[PDB]
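Atoms within a ligand are numbered from 1 in the order they appear, just like the ligands themselves. Per chain, numbering begins at 1; letters A, B, ... match sequence-line order. Basis for what follows: all heavy atoms, side chains included, without hydrogens, waters or symmetry-related copies.
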Protein chains: 2
Amino acid sequence: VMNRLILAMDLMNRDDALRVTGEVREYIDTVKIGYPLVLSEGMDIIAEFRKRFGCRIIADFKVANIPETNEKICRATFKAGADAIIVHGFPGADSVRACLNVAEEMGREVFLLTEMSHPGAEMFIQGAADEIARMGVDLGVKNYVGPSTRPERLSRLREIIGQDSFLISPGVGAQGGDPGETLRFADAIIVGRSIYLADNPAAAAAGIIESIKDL
Amino acid sequence: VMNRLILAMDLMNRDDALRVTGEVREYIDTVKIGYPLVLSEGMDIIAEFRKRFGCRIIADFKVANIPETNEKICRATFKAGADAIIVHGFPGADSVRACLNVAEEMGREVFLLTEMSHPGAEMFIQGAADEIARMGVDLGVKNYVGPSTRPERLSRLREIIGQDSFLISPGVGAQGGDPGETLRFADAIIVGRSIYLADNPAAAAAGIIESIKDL
Ligand SMILES: Nc1cc(=O)[nH]c(=O)n1[C@@H]1O[C@H](COP(=O)(O)O)[C@@H](O)[C@H]1O
Ligand SMILES: Nc1cc(=O)[nH]c(=O)n1[C@@H]1O[C@H](COP(=O)(O)O)[C@@H](O)[C@H]1O
């Protein structure tokens, strides 16, 4: 990932999403697109971003249904041009395997979400997160998501998945996480509001990158 | 819900989804639409179904992100015309409250998913499900989803949420659940493939209803 920085593009308007992404494209070549933008503007937005910006697209679709439904969601998402899809591990191994099978068929990637960054993640997810990570390892998952807001958890996750696995981390900036600290454990950070709600998104991205280079 | 039967419309083609829903509309006035259809045909499909069939629409969007993102997803979903949205409880109380707040603002409903119907639900969700249900009760949730495939779990869920709460249940037919047994505890059953992959969906729906009337 260019500059170890992934833009979370959660603006809900195509014009604003295209403006901001264009402004920060010199700094960022991977964009995470989720349901706020896709449900507002359509799945065609993924191929539009890929063509216009030449970026990789990670679909943050928190996939979390039964295996048969997960299959259909993954196939629609890869058909739309996404490079990778973020999948919850909490629904269990069969739900994750369904996504892995479609990614294998379509030459794409799954990122396994093992612990979330928000306060409510402490209630149920955190207690299962180590086991979710170990399940990922046993399924052959190579790409993971864990929380910038809890670097001790992010260290434990890294310990389980090993150094070869790729780990990306949201919760930097708005949610309280720090770029440098998070990059002690994660390969890349995800940043949304700190960039896309800034008066100058390019300056916000550049400031983050400057602090990343220093590491 | 008419005949206590909710159609899970997970066909991915607008023409096929419209045909099947039209064929079974005399039996069913509530349709659950999820991401397989929405990601393939667009969010406009929700208002199209509402207008053409005059049905209620439950969006099975398994909402499972951080509170801020859940807010945006719920607002886009209700803007598109959905009557209700299914929300995972596993991400914790703040993630659920975010959905409840948007539903309150927009005069809509949240259904809390507490335990899932597939085999993988045993790994992590089942152990948290009673607590997820109790969290729902303490947040004032009145609508719940629980699994036809485990009627003893569905009985325990009903026990926690009480008799006034509304409980709907997937996993009937294809996944192995039984209509009559499930309706001992749930107010309505959700049925997808047993109807929409049948040679005669209307006959399949009618057969299910005939077994429901007998109760
Ligand atoms: N996928 C996620 C998993 C997670 O644990 N936390 C999280 O924030 N996200 C997403 O990352 C982004 C964080 O954006 P921000 O807090 O930097 O605005 C948003 O798109 C969230 O939905
Ligand atoms: N929302 C769900 C929660 C759940 O626990 N199980 C489940 O099957 N569903 C959904 O219900 C429907 C079951 O359809 P079928 O098994 O009758 O085809 C599908 O849309 C699933 O995604």
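Residue B:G192 places at least one N or O, backbone or side chain, under 3.5 Å from an N or O of ligand 2. For ligand 2, the polar-atom distance check finds an N/O of B:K32 within less than 3.5 Å of one of the ligand's N/O atoms. Considering backbone and side-chain atoms alike, B:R193 places an N or O below 3.5 Å from some N or O of ligand 2.
Counting heavy-atom neighbours within 6.0 Å of B:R108 CZ, excluding the residue itself, gives a total above 12. No more than 12 heavy-atom neighbours from other residues, nucleotides or ligands sit within 6.0 angstrom of CG on B:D44.
No side-chain donor-acceptor contact under 3.5 Å links B:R14 to the backbone of B:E41. A donor-acceptor distance shorter than 3.5 angstrom exists from the side chain of B:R50 to the backbone of B:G81, with no hydrogens or angles considered. Between the side chain of A:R193 and the main chain of A:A174, no donor-acceptor pair closer than 3.5 Å is present. Between the A:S40 side chain and the A:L37 main chain, no donor and acceptor come within less than 3.5 Å of each other.
Not a single heavy atom of A:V145 sits under 4.0 Å from any atom of ligand 1. Look at A:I66 and you'll find a heavy atom under 4.0 Å from some atom of ligand 2. Taking a 4.0 Å cut-off on heavy atoms, B:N65 registers as neighbouring ligand 1. Between A:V172 and ligand 1 there is a heavy-atom distance shorter than 4.0 Å. A heavy-atom separation below 4.0 Å is found between A:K62 and ligand 1.
A:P170 CG, 3.5 Å is the protein heavy atom nearest to atom 4 (C) of ligand 1. Looking only at protein heavy atoms, the nearest one to atom 6 (N) of ligand 1 is A:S117 OG, 2.8 Å. Among all protein heavy atoms, the one lying closest to atom 8 (O) of ligand 1 is A:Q175 NE2, 2.9 Å. Nearest protein neighbour of atom 19 (C) of ligand 1, counting heavy atoms only, is A:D10 OD2, 3.3 Å.
Relative to atom 10 (C) of ligand 2, the option among B:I6, B:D60, B:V191, B:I33 with the closest non-hydrogen atom is B:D60.
If you number the atoms of ligand 2 from 1 as listed, the ones under 4.0 Å from a heavy atom of B:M116 come out as 5 (O). Taking every heavy atom of A:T69 and a limit of under 4.0 angstrom, the matching atoms of ligand 2 come to 19 (C), 21 (C), 22 (O).
Put simply, OH on A:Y35 and CZ on A:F61 are 5.0 Å apart, with the number rounded to the nearest 0.5 Å. From A:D10, atom CG reaches atom CD1 of A:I33 across 9.5 Å, with rounding to the nearest 0.5 Å. For the atom pair CD1 (B:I125) and OG (A:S95), the distance works out to 7.5 Å, reported to the nearest 0.5 Å.
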Apply side-chain contact (heavy atoms from CB on, under 4.5 Å) to residues A:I189 and A:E181 and explain how you reach the verdict.
CA-CA 10 Å; A:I189 52 169; A:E181 287 297 295; over 6 Å; no
